[PDB]
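Read the structure below first, then the notes.
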Amino acid sequence: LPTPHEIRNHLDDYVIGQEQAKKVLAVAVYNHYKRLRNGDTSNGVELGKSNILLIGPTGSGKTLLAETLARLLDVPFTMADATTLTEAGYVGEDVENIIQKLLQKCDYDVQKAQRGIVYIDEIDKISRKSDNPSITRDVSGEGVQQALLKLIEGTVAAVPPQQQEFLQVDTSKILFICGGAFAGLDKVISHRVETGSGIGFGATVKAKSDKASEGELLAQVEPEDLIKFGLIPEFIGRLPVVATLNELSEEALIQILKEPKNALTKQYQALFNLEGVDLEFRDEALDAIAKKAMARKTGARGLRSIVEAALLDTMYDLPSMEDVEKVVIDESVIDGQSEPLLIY
Amino acid sequence: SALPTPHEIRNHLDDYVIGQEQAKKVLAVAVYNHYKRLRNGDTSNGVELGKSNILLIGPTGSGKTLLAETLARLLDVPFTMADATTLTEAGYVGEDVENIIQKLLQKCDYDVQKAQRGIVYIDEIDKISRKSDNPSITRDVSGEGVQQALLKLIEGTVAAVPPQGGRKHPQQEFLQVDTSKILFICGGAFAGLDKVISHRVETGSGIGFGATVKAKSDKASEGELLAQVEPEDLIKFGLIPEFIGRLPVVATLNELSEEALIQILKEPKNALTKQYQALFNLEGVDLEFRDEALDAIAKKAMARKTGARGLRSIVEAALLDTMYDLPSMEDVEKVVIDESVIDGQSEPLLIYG
Ligand SMILES: Nc1ncnc2c1ncn2[C@@H]1O[C@H](COP(=O)(O)OP(=O)(O)OP(O)(O)=S)[C@@H](O)[C@H]1O
Ligand SMILES: Nc1ncnc2c1ncn2[C@@H]1O[C@H](COP(=O)(O)OP(=O)(O)OP(O)(O)=S)[C@@H](O)[C@H]1O
Ligand SMILES: [Mg+2]
Ligand SMILES: [Mg+2]
């Protein structure tokens, strides 16, 4: 019987920050459990479902939230690509593949599948760039969206085996969570509340808002902006809950190095201990690597590349070296000007 | 037999649907006629009674799908719901048009006789429409192809429904089902149809000095255009002329106004406000919505342009913080939400008892 606070604490153990989005997923999961426990509600009232939509830059942890949250979930869970889907009548993979994919973790059971949770990533890619029907029916941006319109609410869909039974499974009680890096969307929101004046004299010129981070603009996202981005109004309606993330800053990246349980620093420490050596990272060293990552715009994913190169030489001669007790990493080795300290 | 009269059946529909009078009467008349034709199965009189398919056109969140669900409850005949997007032209991986009848058989317990007198609802019918360049120099299977295959099925034909799908899989005598008495109701939100209607009813002019109409920006809303819908406009949208003909009666909805949203919040049997109240009751805390608060959410929902679905996001966002801390906090017996909480200027009010 987990509660919103309990779910929040468990999620914070793996991913830090993103408090705004953490409350959205925690409350949604708690509400889902209550509905599953009591469907009729003993009052003749049918409880609906509220789908979520995640809008954040790449490397912000959108997929990390679903993976970590999946462990706590006690119901079947699955992930989707959103890029391999195709409209009915075309090669590839129909949208129905999401439902059957969930059955993989539910031992192919309809009863348990109806109470599962489905998460789709990379939803931004499936969007009509032209914002209107093209000369030929799009099979990746518009075709997939139309099929998903009716698949997000009820619409009992067949489940092709793995021979033609096509067992029916209800999708009315299956919560749907969406998420994707809507590239360029930040500009759509800005243009809506950026300028509303003319050019020549006699115009109510308005001062442009000071430089605002991408996270601030996304915080003001509304369905109108999504429509102009290439999302049909029907699809937006299916996703009432809207949450946005914030780009990681210098302080956020430094925290991700130690605070997370599965942080890259902890993983490397255990790796060295496997062969019989201990590794430690100085506070200054962590700050240097974090700053370098943002300089190259590589993001959070780059933290693993910088550290790998810095310790590449040490790991080459680490197991071969004998009579070694500890390894010290400072700020002078991040830039490569000084060889990492080693004691015997 | 005690066949429900159109007025009685319409009253039940009002319980789950609000702000819809033209569509409720059309559906009530067609369903009532369906029962009458069932009694006269042998058509004692020389003249044989036919069927009149319906077509629903309206914006998103207008109650097109909700009407089919609520009506299916009263319909004693097997009722089925199908998606036009999944359907494709025959001979392809996508589901064929014959699958519609297959699903109906399951609802009737493999009873072919009962399948003859049935009602189907092809939701998202507007999806299968000729896109730009109606001629379609290329072969279209998920668009015009579906409409062509639906010409004989909607009008009525003997389709050899496969005997699989929950029954004996091996090859056997394919069941013969006649769709000459199945009332087909197509419903979908034809996006962009309003623009085509305006180009016809509303006269347009270019640039000039005399005999030119400026046509100021402030004109009739798109709702009025949808009301005066002509089959010619539908053909220009992408529907083949032979397809629109199968649907003689066409009922159009109207965009929900501010007053309509308020009624939908309480009057419906399963309303948005009542759903949240029950959710809070499970943990042991009551929920109440002030009259002024309902007005604020309704007004803010209209600007969303997402139909009735907008109310779901407005109430969820306002109560996002309430539900996140309510279970953790104890000694809570009720929550009061006023107008000052909808706009977010003041946090939700709570009383400890
Ligand atoms: N806030 C964060 N805290 C800790 N680690 C993070 C965070 N954000 C990203 N990471 C790390 O970055 C890795 C990849 O990030 P993702 O979860 O893929 O974010 P993403 O934006 O969803 O990527 P996509 O889906 O390809 S756009 C994760 O496995 C984490 O190790
Ligand atoms: N007339 C109405 N009365 C009460 N609730 C309504 C009404 N219209 C819409 N709703 C609400 O909106 C929800 C969605 O209804 P739908 O009919 O499925 O929307 P829709 O218009 O069918 O979407 P499209 O256009 O088919 S994609 C319902 O479950 C109700 O909660
Ligand atoms: Mg991802
Ligand atoms: Mg619908």
Side-chain angles (χ1 to χ4, degrees), chain A residues 12 14-18 21-22 46 48-49 54-68 79 81-82 121-125 146 149-150 153-155 179-183 232-238 240 245-248 252-253 255-257 259-264 267 299-304, chain B residues 13-20 23-24 56-70 81 83-84 121-127 187-191 253-256 260-261 263-272 275 306-312:
Chain A
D12 299 326
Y14 296 90
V15 63
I16 60 177
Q18 309 295 358
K22 282 173 166 294
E46 302 296 349
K49 67 191 182 188
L54 305 179
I55 302 173
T58 181
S60 297
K62 292 187 299 307
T63 306
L64 180 63
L65 289 162
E67 182 63 14
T68 61
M79 299 288 290
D81 312 334
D121 182 70
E122 201 68 3
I123 288 291
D124 64 305
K125 295 296 101 183
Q146 295 173 352
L149 292 183
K150 186 159 173 58
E153 53 184 1
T155 305
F182 291 79
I232 55 186
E234 290 76 30
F235 191 82
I236 299 165
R238 301 302 199 281
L245 305 184
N246 49 18
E247 79 300 317
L248 302 171
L253 293 171
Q255 297 175 17
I256 293 170
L257 296 171
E259 291 182 1
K261 289 173 60 56
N262 298 17
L264 60 92
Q267 185 191 338
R301 292 179 173 274
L303 303 177
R304 199 186 198 90
Chain B
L13 299 173
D14 309 334
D15 299 358
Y16 298 82
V17 181
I18 304 293
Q20 294 297 348
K24 289 187 188 156
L56 303 179
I57 307 173
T60 182
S62 294
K64 293 183 293 303
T65 306
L66 180 57
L67 281 162
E69 298 179 359
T70 182
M81 300 177 64
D83 189 1
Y121 178 78
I122 300 173
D123 198 16
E124 317 300 355
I125 192 71
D126 67 314
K127 302 299 181 299
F190 293 80
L253 306 182
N254 50 17
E255 59 275 344
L256 301 172
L261 295 174
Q263 301 180 11
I264 293 167
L265 288 169
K266 304 180 295 304
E267 296 183 1
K269 190 187 300 307
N270 300 332
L272 188 65
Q275 284 175 7
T306 58
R309 294 188 177 87
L311 302 172
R312 180 75 66 172

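Naming: A, B, ... by sequence-line order, numbering from 1 per chain. Only this structure's heavy atoms are used, side chains among them; waters, hydrogens and symmetry mates stay out. Atoms within a ligand are numbered from 1 in the order they appear, just like the ligands themselves.
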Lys/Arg N to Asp/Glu carboxylate O, B:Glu124 vs B:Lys127, below 4.0 Å: yes
Can you tell whether the side chains of A:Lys22 and A:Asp12 come within less than 4.0 Å, N to carboxylate O? yes
Atom pair CG/CG of B:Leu272 and B:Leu311 - distance to nearest 0.5 Å: 6.0 Å
Among all protein heavy atoms, pick the one closest to atom 16 (P) of ligand 2 and tell me residue, atom and distance. B:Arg309 NH2, 3.7 Å
N/O to N/O below 3.5 Å, does that happen between A:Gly59 and ligand 1? yes
Would you verify that at least one protein heavy atom lies under 4.0 Å from atom 9 (C) of ligand 1, or report that none does? yes
Criterion side chain to side chain donor-acceptor pair (under 3.5 Å) on A:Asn262 and A:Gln267, from CA distance to verdict: CA-CA 7 Å; A:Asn262 298 17; A:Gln267 185 191 338; over 6 Å; no
Can you list the atoms of ligand 2 that are under 4.0 Å from a heavy atom of B:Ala189? 25 (O)
Does some non-hydrogen atom of A:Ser60 fall short of 4.0 Å from ligand 1? yes
B:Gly307 heavy atom under 4.0 Å from ligand 2: no
Using a 4.0 Å cutoff against the non-hydrogen atoms of A:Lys62, which atoms of ligand 1 qualify? 19 (O), 20 (P), 21 (O), 22 (O), 27 (S)
Would B:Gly63 count as a polar contact of ligand 2, with the cut-off being nitrogen or oxygen pairs under 3.5 Å? yes
Would you say A:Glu46 touches ligand 2, if touching means a heavy atom closer than 4.0 Å? no
Identify, by atom number and element, the atoms of ligand 1 in contact range of A:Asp121, meaning under 4.0 Å from any of its heavy atoms. 25 (O)
Salt-bridge test for A:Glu153 and B:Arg309: reply yes if a basic N is under 4.0 Å from a carboxylate O, no otherwise. yes
Decide whether the shortest distance between a heavy atom of B:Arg312 and an atom of ligand 2 is less than 4.0 Å. no
Side chain, backbone, both or neither: which part of A:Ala252 has a heavy atom under 4.0 Å from ligand 1? neither
Atom 11 (C) of ligand 1: closest protein heavy atom, distance to 0.1 Å, is A:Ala300 CB, 4.3 Å
Is it true that B:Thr60 lies under 4.0 Å from ligand 2, counting heavy atoms only? yes
Interfacing atoms of ligand 2 (cut-off 4.0 Å, heavy-atom, B:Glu124): 26 (O), 27 (S)
Quick one: does ligand 2 sit under 4.0 Å from the side chain of A:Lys150, the backbone, both or neither, non-hydrogen atoms only? neither
Min over A:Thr63, A:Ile16, A:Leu64 of heavy-atom distance to atom 25 (O) of ligand 1 lands on A:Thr63
Is the backbone of A:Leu65 close enough, under 3.5 Å, to the side chain of A:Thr68 for a donor and an acceptor to pair up by distance? yes
Angle subtended at the Mg ion (ligand 4) by OG1 of B:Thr65 and OD2 of B:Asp123, to 10 degrees? 80°
What is the closest protein heavy atom to atom 4 (C) of ligand 1, and at what distance does it sit? A:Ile256 CG2, 3.3 Å
For atom 23 (O) of ligand 2, is the nearest protein heavy atom closer than 4.0 Å? yes
Within the 4.0 Å heavy-atom shell around A:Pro57, which atoms of ligand 1 are there? 21 (O)
